[PDB]
Every structure is written in C-alpha cells, then in structure tokens.
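Okay, so here's just one chain, in structure tokens, the form deposited in one PDB entry.
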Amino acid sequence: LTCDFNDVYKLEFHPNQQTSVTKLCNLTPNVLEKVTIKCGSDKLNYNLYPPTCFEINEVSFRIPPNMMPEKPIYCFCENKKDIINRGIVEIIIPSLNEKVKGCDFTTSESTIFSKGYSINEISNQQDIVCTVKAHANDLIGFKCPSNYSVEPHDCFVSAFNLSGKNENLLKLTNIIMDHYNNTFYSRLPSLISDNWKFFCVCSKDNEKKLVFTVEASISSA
C-alpha cells in the first residue's frame, strides 16, 4: 500500500525520450488502512497533484469508514522537462457493508457507528454505557464529544478491565486514536482465543460519563 515513484515506479527520464512514460499504481486498501505515496525528494524533483492526494516528499492518509460507495480517487506524481513522466495513483475506495460496531456519542444519526446517542441523551447521573459484542476481524470504535477526555488516553493500546485494571491489550490491529475528533478505531484479530471484556471512558466535569465497553468472544476468521 505504497506508491513509491522515487525508487519503485521510477519516473526518471530516459535519454532522448520522444514522449511521456506513464506509470500506474493501483491500490485497494481496506477501510482505515494506511496508504503512503512517495513522490519527489531532495534530488528527485517531482511534484504530487493535488499536493495532498486524498484531501522525502511523502504523504500518508487512511480511508475513513464509509457506507457511501465512491468512484476511485486519482492523484498524479509528475516529472517534467514539454515531456512529462507521470505516476498515476488510483485508490479504489472501499465501502462498508454495515456500520462500524460501536458507539457515536456525538449523534443519534451516525454516519459511521452502529449505535448513536443524541445530545439530550448524554446530558443531565448514571453512566451512558454502550456495549458492543465483537468477534474475529470485527472493526470496532467510538466517538466522544470533542470537549471530553478519554481514559485511558491511549484507548485500544491500553483499556480498562471489567474485572481488574489498566491492561495493555488481545492483538488489536489498525488502532486509530484520533484526538482531533475524539474518534477511536481498531480491528479485532482474525483469531480470538479467550473471552475478554474491556472498556474506555469519556468524561467532562459535571457530565454523565460515557462508557464504551467491548465483549470480545472466542472466535475464528
């Protein structure tokens, strides 16, 4: 899931080229996978258009979880001299077949998550507890209001035990902890060998706590 126009799909001119050379780098990421595009550096004078692709010289992004099918996104790494060698990145946008298992504490009409809560629900002392039952390969996540803090701060790297304490987690994968929008994601392993329950908490002084609890059950995928 890298398009390296610097050393892999090389855009170096050849001697006495009459016409362009065009290279195609086609990617089929899964949702939330990281794509990297390398285009240009100190020595290699290449530009990427548009400068950030999916809204040395290097860009990475991850495709968000979406239920709206989209046409591929293209971006162009250009080498000039008028002859232009161009690397064309095509990213097929994966679409989800159902909402992400988990909890959007910021809307009752989430674009992303299976369960949502309106501002009236999360407002005013009992916890709001949102429980998801997850199995092998499930994508899970939650979003808390931007004003809230999340405990533990690195939820999914660590989480709290329904029984014991903070536990460095279960081989969770593609962990995303986006503190800009207080949105957290990860993927259960393809093999879960033991039942595990854990939780993370969002809070804000004088507000109901928002509890995201996961019951991960023995399974195989």
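Quick note: we count residues from 1 along the sequence shown, nothing fancier. Heads up, when I say rigid core I mean the largest set of C-alphas that superpose within 1.5 Å between the two forms.
What comes next is about the form deposited in another entry, which does not appear here.
Handout entry: Cα displacement of residue 11 between this form and the one not shown reaching 2 Å, rigid core superposed
Key = Yes; that C-alpha moves by at least 2 Å between this form and the one not shown.
Exercise for the section: Taking the rigid core as the superposition reference, indicate whether the CA of residue 37 shifts 2 angstroms or more between this form and the one not shown. Expected result: Yes, residue 37 moves 2 Å or more.
Exercise for the section: Determine whether the C-alpha of residue 203 shifts by 2 Å or more between this form and the one not shown once the rigid core is superposed. Expected result: Stays below the 2 Å threshold, so no.
Handout entry: Distance direction in the other form for the C-alpha atoms of residue 191 and residue 28, relative to the displayed form (3 angstroms or more)
Key = Relative to this form, farther apart in the other form.
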